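A.B. asks: Order-wise, the sequence lines are chains A and B.
For reference, each letter of the first sequence is one residue, going 299 to 338, 350 to 716 in PDB author numbering.
For reference, each letter of the second sequence is one residue, going 299 to 338, 348 to 718 in PDB author numbering.
The beta-carbon is built from N, C-alpha and C at its ideal position, and this holds for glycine as well.
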Amino acid sequence: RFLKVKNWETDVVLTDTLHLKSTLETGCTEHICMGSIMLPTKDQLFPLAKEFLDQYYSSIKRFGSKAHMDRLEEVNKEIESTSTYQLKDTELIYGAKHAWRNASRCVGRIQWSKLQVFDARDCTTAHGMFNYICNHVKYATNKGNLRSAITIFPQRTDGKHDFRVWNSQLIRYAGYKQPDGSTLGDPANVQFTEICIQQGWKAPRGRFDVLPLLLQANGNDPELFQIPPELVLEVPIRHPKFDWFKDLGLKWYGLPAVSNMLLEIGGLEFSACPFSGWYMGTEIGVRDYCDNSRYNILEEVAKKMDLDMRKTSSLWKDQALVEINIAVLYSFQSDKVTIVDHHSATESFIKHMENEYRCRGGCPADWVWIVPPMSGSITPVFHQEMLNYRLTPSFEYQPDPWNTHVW
Amino acid sequence: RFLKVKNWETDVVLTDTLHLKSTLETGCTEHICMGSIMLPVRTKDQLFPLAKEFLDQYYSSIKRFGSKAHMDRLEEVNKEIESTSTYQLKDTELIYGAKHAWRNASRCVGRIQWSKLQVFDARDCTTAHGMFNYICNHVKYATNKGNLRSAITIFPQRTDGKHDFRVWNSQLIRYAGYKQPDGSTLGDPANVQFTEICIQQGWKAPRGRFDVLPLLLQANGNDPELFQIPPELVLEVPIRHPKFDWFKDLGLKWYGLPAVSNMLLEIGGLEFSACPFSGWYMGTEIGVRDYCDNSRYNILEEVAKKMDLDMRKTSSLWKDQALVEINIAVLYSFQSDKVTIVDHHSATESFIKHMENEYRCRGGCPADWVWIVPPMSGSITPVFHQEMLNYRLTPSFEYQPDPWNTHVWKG
Ligand code: HEM
Ligand code: HEM
Ligand SMILES: C[C@H](O)[C@H](O)[C@H]1CNc2nc(N)[nH]c(=O)c2N1
Ligand SMILES: C[C@H](O)[C@H](O)[C@H]1CNc2nc(N)[nH]c(=O)c2N1
Ligand SMILES: CSCCCC(=N)NCCC[C@H](N)C(=O)O
Ligand SMILES: CSCCCC(=N)NCCC[C@H](N)C(=O)O
Ligand SMILES: [Zn+2]
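1) Using a threshold of 7 Å, is the CB atom of residue 566/A nearer than that to any non-hydrogen atom of ligand 5?
2) If you follow the beta strand (DSSP E) that residue 448/B is in, where does it begin and where does it stop?
3) Tell me, please, whether the CB atom of residue 276/B is closer than 8 Å to any CB atom in chain A?
4) Mapping the DSSP letters down to three states, classify residue 477/A as helix, strand or coil.
5) Taking 8 Å as the threshold (beta carbon to beta carbon), is residue 444/B in contact with chain A?
6) CA-CA distance, residue 332/A and residue 459/B?
7) Report the start-end ranges of each beta strand (DSSP E) in the stretch 522-580 of chain A that is 3 residues or longer and not cut off at the edges.
8) Excluding sequence positions up to five away, which residues of its chain have a Cβ less than 8 Å from the Cβ of residue 603/B?
9) Does the pairing of the stretch 409-422 of chain A with the stretch 666-682 of chain A give three or more beta-carbon distances under 8 Å?
10) May I ask you to report which of helix, strand or coil DSSP gives residue 458/B?
11) Starting from residue 494/B, follow its DSSP beta bridges and name the residues at the other end.
12) Start and end of the beta strand (DSSP E) containing residue 304/B?
13) Going along the chain, which residues of its own chain have a beta-carbon closer than 6 Å to the beta-carbon of residue 703/B, five neighbours each way excluded?
14) State yes or no: is the beta carbon of residue 691/B nearer than 8 Å to at least one beta carbon in chain A?
15) What three-state label does DSSP hand residue 323/B in the structure shown?
16) Any heavy atom of ligand 3 closer than 7 Å to the CB of residue 592/B?
17) With which residues is residue 641/A paired in a DSSP beta bridge?
18) In chain order, what residues of the same chain lie with their CB nearer than 7 Å to the CB of residue 398/A, ignoring the 5 residues before and after it?
19) Starting from residue 703/A, follow the beta strand (DSSP E) in both directions and report where the run begins and ends.
20) Under the three-state reduction of DSSP, which class applies to residue 601/B: helix, strand or coil?
21) Could you tell me whether any Cβ in chain A is nearer than 8 Å to the Cβ of residue 696/B?
22) If we call anything under 8 Å between Cβ atoms a contact, is residue 583/B one with residue 445/B?
23) Once DSSP output is grouped into helix, strand and coil, what is the label at residue 662/A?
24) Listing by chain order, which chain B residues have their CB less than 8 Å from the CB of residue 324/A?
25) Beta carbon of residue 680/A: closer than 7 Å to some heavy atom of ligand 2?
26) Does DSSP put residue 505/B in a helix, in a strand, or in coil?
27) Since residue 320/A and residue 329/B are thought to touch, with beta carbons under 8 Å apart, how far apart are those beta carbons, to the nearest angstrom?
28) Any C-beta of chain B sitting closer than 8 Å to the C-beta of residue 682/A?
29) Cβ of residue 334/A within 7 Å of any heavy atom in ligand 3?
30) May I ask you to list, following chain order, the residues of the stretch 616-629 of chain B that have a beta carbon less than 8 Å from some beta carbon of chain A?
31) Which residues in chain A have a C-beta closer than 9 Å to the C-beta of residue 587/B? List them in chain order.
32) Do you know how far the Cα of residue 592/B is from the Cα of residue 342/B?
33) At a cut of 8 Å, does the stretch 470-481 of chain B reach the stretch 525-543 of chain B through at least three beta carbon pairs?
34) Can you confirm whether residue 676/A, when its beta carbon is compared against all beta carbons of chain B, has any partner nearer than 8 Å?
35) Compare the Cα-Cα distances from residue 566/A to each of 559/A, 553/A, 581/A and report the closest residue.
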């Protein structure tokens with residue numbers, strides 16, 4: 299019921315007590331570990358509301374004070390009569406920062422408390438949403454000096470009136486199926502790209518076409534909007550020694566902003582809550598460029614480096630993977646767009662884990678996601694035991710809205 | 299209950315029914331996953356059900372479930388258990404048993420080979436000298452002048468846990484580690500503790516960077532004894548690089564035969580506390596972990612200097628660059644000297660096919676993603692993209708405590 303985690307590179311040993319306040323379920327049993335699976350009422354709402362305010366008031370050292378009990382009565386009162394309730398600003402800010410704090414898949418959490426929260430609960434329309442969104446994109450982009458932010462749309466009510474950003478990220482490239490069999494652009498987005506055109510988008514049909522936003526306000530059909538180009542900071546990708554690299558004509562966007570997750574604070578569900586930080590290099594260079602089901606450029610790059618592709622044992626895919634990632638980090642740096650390499654991002658996360666053990670009694674963490682997808686064991690997180698558990702408030706996955714939405 | 303695992307690269311979904319046949323706990327609960335945690348005397352009463360379960364599996368695999376030969380073996384094991392408090396495996400059962408322990412080994416990416424495993428039965432062994440002789444023959448047979456062959460050697464099972472056979476080495480061939488007075492380590496820091504023990508037991512240490520350790524062998528619960536493996540039986544490979552001529556001058560070599568000697572093999576409830584087994588290396592085991600862990604030979608800095616990489620900012624990926632060249636060199640050196648080795652692309656690709664075949668034919672393949680995914684270039688190998696279910700089948704290889712921590716010394 300108290301647990302040890304050990305780092306096998308440093309023999310440092312940490313004691314987790316924070317898992318005892320774990321709420322949700324992992325997907326694992328004593329018989330079977332699912333640690334590698336990607337996706338593993351008035352009466353319901355009150356316990357949730359309670360548990361949350363208890364967390365809040367304890368954090369500001371007013372646990373069991375007049376103001377505590379009072380707000381607790383107030384929220385019951387509201388639950389009893391409205392069937393939902395509304396968070397104060399301070400609770401909304403706390404709830405969101407804590408949801409990032411509890412995101413066990415997130416290596417970037419040393420930054421958790423500096424989150425800038427934009428309260429968009431007064432929004433009513435997709436045009437409204439589009440405005441909030443551009444203001445978020447501009448504030449977080451900050452001409453390259455990126456800053457954490459989240460924008461929070463109104464919470465669900467009857468689930469017939471949901472706010473949803475249909476895009477999976479605010480800024481992503483289109484995917485088009487082609488006559489020859491293959492795919493132009495980004496294969497991950499192929500289906501959303503069909504939906505845009507099927508909702509009315511004129512697509513330019515290139516390799517790096519910034520998708521339009523598809524926004525659903527208050528349960529209505531969603532609407533199309535094009536993000537002002539001047540707000541999409543993009544980096545052309547070159548290499549500090551390979552001349553011919555720029556002739557692949559690769560570019561990437563500077564602002565990663567996940568837009569399809571659900572935020573749960575004290576039993577309340579915020580289905581549209583786009584958030585953003587900045588990239589660790591490997592995300593683009595290893596996954597976006599090199600996954601077979603993504604841009605998949607390893608073959609071409611190795612072709613230009615004149616490496617021996619005649620057998621796997623020359624490690625040509627590995628040599629190329631390195632140079633590709635050198636060319637992402639260098640390009641972003643040369644243009645001064647915040648970016649972090651996997652080495653210092655992981656070292657920071659170790660520091661963050663230590664802090665969290667010391668001050669909070671633990672730090673939930675999902676090893677499978679924290680260890681970068683190249684050079685794993687030469688980052689310190691590889692040697693670090695982690696405990697994974699689900700704390701609230703949290704970010705949750707939710708089904709792609711087109712599967713749910715009724716027209 | 300059926301369980302689905304998706305490969306996110308290919309969209310292949312597979313259905314696991316095999317996890318139903320599962321016994322031992324995982325370490326995880328519904329409230330916590332311990333999937334990254336490294337390590338999360349038996350009564351008559353509890354022995355017969357285990358015996359029985361195993362024999363049921365056995366007779367099913369040879370298509371004689373419920374036969375007279377099956378029923379009689381049950382009854383004969385039952386009777387032996389009641390009368391002697393333990394029981395003896397037939398040869399055929401032991402072979403089947405050791406093979407399955409390998410097939411069930413969820414952290415092993417090499418399992419496509421499971422069915423081609425040479426089992427040497429050393430259950431007639433009585434002494435340490437007897438052990439050394441068995442081990443030597445294992446090393447020579449498995450080495451096979453560089454064309455490696457997988458093999459395991461099985462010493463007598465535990466009885467009252469006061470007469471245990473153990474190999475005190477963690478691998479049969481491994482290199483000394485020596486802590487110097489200045490705090491530095493000469494050789495392999497993984498093996499310093501065991502190296503001290505050897506010296507204390509009377510080993511005269513050469514004290515170089517690559518001294519093959521002597522064997523430390525315990526028979527019948529007796530104090531263990533030292534033996535030098537004959538050097539002619541120790542296949543070693545100097546490491547060089549196909550393009551970097553200064554690479555030989557780092558003075559690196561490695562041994563060709565990886566042979567884990569500290570695990571416990573469990574079959575039908577019986578415990579074989581000494582069962583060294585060997586296969587061959589995947590290149591990343593040496594080139595990433597053995598050479599480049601900070602707590603092992605730690606050569607990254609030295610290789611990066613010699614490459615003249617920019618080491619001022621980690622964002623040069625000088626570490627990633629050096630690491631690839633080192634793994635190239637390990638693969639190149641082994642292939643040149645005709646010693647079996649496998650790269651992590653080829654190994655993980657093989658494992659994927661093994662895994663899919665295991666689902667079709669067995670209804671599952673327990674796998675530990677944390678271990679199966681290589682420690683470099685994870686996502687460009689297809690396992691990274693493969694959902695896996697981890698659960699504990701028997702027969703199995705288990706961890707056991709280091710014997711110096713448990714052994715009662717005779718004097
Ligand atoms: C500030 C710099 C940040 C860095 C460097 C960073 C880094 C990362 C990385 C590398 C991942 C894995 C992503 C993937 O493999 O697709 C991730 C996942 C995640 N991050 Fe962070 N992050 C940052 C900020 C944030 C913020 C501001 C939030 C929320 C406020 C957040 C919440 C999450 C969540 C919920 C996941 C898992 C997402 C999923 O399951 O797809 N991150 N992060
Ligand atoms: C045939 C060639 C083989 C290859 C390429 C192979 C590959 C590997 C690799 C790379 C590992 C991870 C090792 C580490 O990180 O230290 C491993 C683990 C393991 N393998 Fe295999 N293996 C082979 C043969 C065998 C055999 C013959 C057995 C038993 C009969 C076996 C049983 C295991 C076990 C029990 C583990 C986990 C060890 C631990 O928990 O420390 N392997 N294997
Ligand atoms: C099957 C496996 O769970 C899947 O490939 C995971 C592995 N680790 C990951 N880690 C990160 N950071 N992001 C990912 O998308 C994934 N994918
Ligand atoms: C904490 C963590 O589980 C530990 O570093 C594991 C990670 N994955 C591994 N994977 C393999 N194959 N071998 C190892 O020794 C390890 N070490
Ligand atoms: C967006 S919030 C998490 C912090 C931002 C980030 N660094 N990445 C997360 C998802 C982006 C995805 N891996 C990609 O390569 O586009
Ligand atoms: C003996 S069991 C598996 C067959 C041999 C093997 N391929 N790996 C075992 C572990 C070797 C260790 N990782 C090392 O680098 O020495
Ligand atoms: Zn688990």
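C.D. replies: Looking at the atomic coordinates:
1) Against the first sequence, residue 566/A aligns to sequence position 257. At least one heavy atom of ligand 5 is nearer than 7 Å to the Cβ of residue 566/A, so yes.
2) In the second sequence, counting from the first residue as 1, residue 448/B sits at position 141. First-last for residue 448/B: 435-450, but that is the alpha helix (DSSP H), not the beta strand (DSSP E).
3) A question about residue 276/B goes unanswered here, because the residues of chain B that appear run from 299 up to 718.
4) Taking the first residue of the first sequence as position 1, residue 477/A is located at position 168. Of the three classes helix, strand and coil, the one that applies to residue 477/A here is coil, per DSSP.
5) The residue labelled residue 444/B in the question sits at position 137 within the second sequence. Answer no: the Cβ-Cβ gap between residue 444/B and chain A never drops below 8 Å.
6) Locating residue 332/A in the first sequence gives position 34, where the first residue counts as 1. Locating residue 459/B in the second sequence gives position 152, where the first residue counts as 1. Cα to Cα, the separation comes out at about 31 Å.
7) 522-525, 532-534, 543-545, 560-562, 571-574, 577-579
8) Taking the second sequence and counting its residues from 1, the one referred to as residue 603/B is at position 296. Taken in chain order, the residues that qualify are 495, 496, 497, 596, 597.
9) yes
10) Numbered from its first residue, the second sequence carries residue 458/B at position 151. Of the three classes helix, strand and coil, the one that applies to residue 458/B here is strand, per DSSP.
11) Indexing the second sequence from 1 puts residue 494/B at position 187. Residue 494/B pairs with 484/B.
12) Along the second sequence, read from residue 1 onward, the residue named residue 304/B stands at position 6. Taken as a continuous stretch (DSSP letters only), the beta strand (DSSP E) holding residue 304/B covers 301-304.
13) By one-based count along the second sequence, residue 703/B stands at place 396. Only 408, 411, 573 meet the Cβ criterion.
14) As a working note, residue 691/B is residue 384 in the second sequence. True, the Cβ-Cβ gap to chain A drops below 8 Å.
15) Residue mapping note: residue 323/B aligns to position 25 of the second sequence, counting from 1. In the structure shown, residue 323/B sits in coil (DSSP, three-state: anything other than H, G, I, E or B).
16) Mapped onto the second sequence, residue 592/B falls at position 285. Because no heavy atom of ligand 3 lies under 7 Å away, the Cβ of residue 592/B does not count as near it: no.
17) Against the first sequence, residue 641/A aligns to sequence position 332. According to DSSP, residue 641/A bridges with nothing at all.
18) The count along the first sequence starts at 1 and reaches residue 398/A at position 89. These residues qualify, in order along the chain: 428.
19) By 1-based counting over the first sequence, the position of residue 703/A is 394. Here the beta strand (DSSP E) through residue 703/A covers 703-705.
20) By 1-based counting over the second sequence, the position of residue 601/B is 294. Here residue 601/B sits in coil by DSSP.
21) Against the second sequence, residue 696/B aligns to sequence position 389. Yes - at least one Cβ of chain A is within 8 Å of the one on residue 696/B.
22) Translated into positions along the second sequence, residue 583/B becomes position 276. Translated into positions along the second sequence, residue 445/B becomes position 138. Going by C-beta atoms, residue 583/B is nearer than 8 Å to residue 445/B.
23) As a position in the first sequence, residue 662/A is number 353, starting the count at 1. The answer is helix: DSSP assigns residue 662/A an H, G or I state.
24) Residue 324/A sits at position 26 when you count from the first residue of the first sequence. Chain B residues near residue 324/A: 326, 327, 328, 329, 330, 331.
25) Taking the first sequence and counting its residues from 1, the one referred to as residue 680/A is at position 371. False, no ligand heavy atom lies under 7 Å from that Cβ.
26) As a first step, residue 505/B is located in the second sequence; it is residue number 198 there, counting from the start. Correct three-state label for residue 505/B: helix.
27) Working through the first sequence from its first residue, we reach residue 320/A at position 22. Working through the second sequence from its first residue, we reach residue 329/B at position 31. Correct: roughly 5 Å between the Cβ atoms.
28) Locating residue 682/A in the first sequence gives position 373, where the first residue counts as 1. At least one chain B Cβ lies under 8 Å of residue 682/A.
29) As a working mapping, residue 334/A is identified with position 36 in the first sequence. Residue 334/A Cβ: within cutoff of ligand 3.
30) 621, 622, 623, 624, 626, 627, 628
31) Along the second sequence, read from residue 1 onward, the residue named residue 587/B stands at position 280. Residues of chain A passing the Cβ test: none, with the nearest at roughly 14 Å.
32) No coordinates exist for residue 342/B in the structure shown, because the numbering of chain B passes directly from 338 to 348.
33) yes
34) Within the first sequence, numbered from 1, the residue matching residue 676/A stands at position 367. Closer than 8 Å: yes.
35) In the first sequence, the residue the question calls residue 566/A occupies position 257. When each option's Cα is compared against that of residue 566/A, the closest is 581/A.
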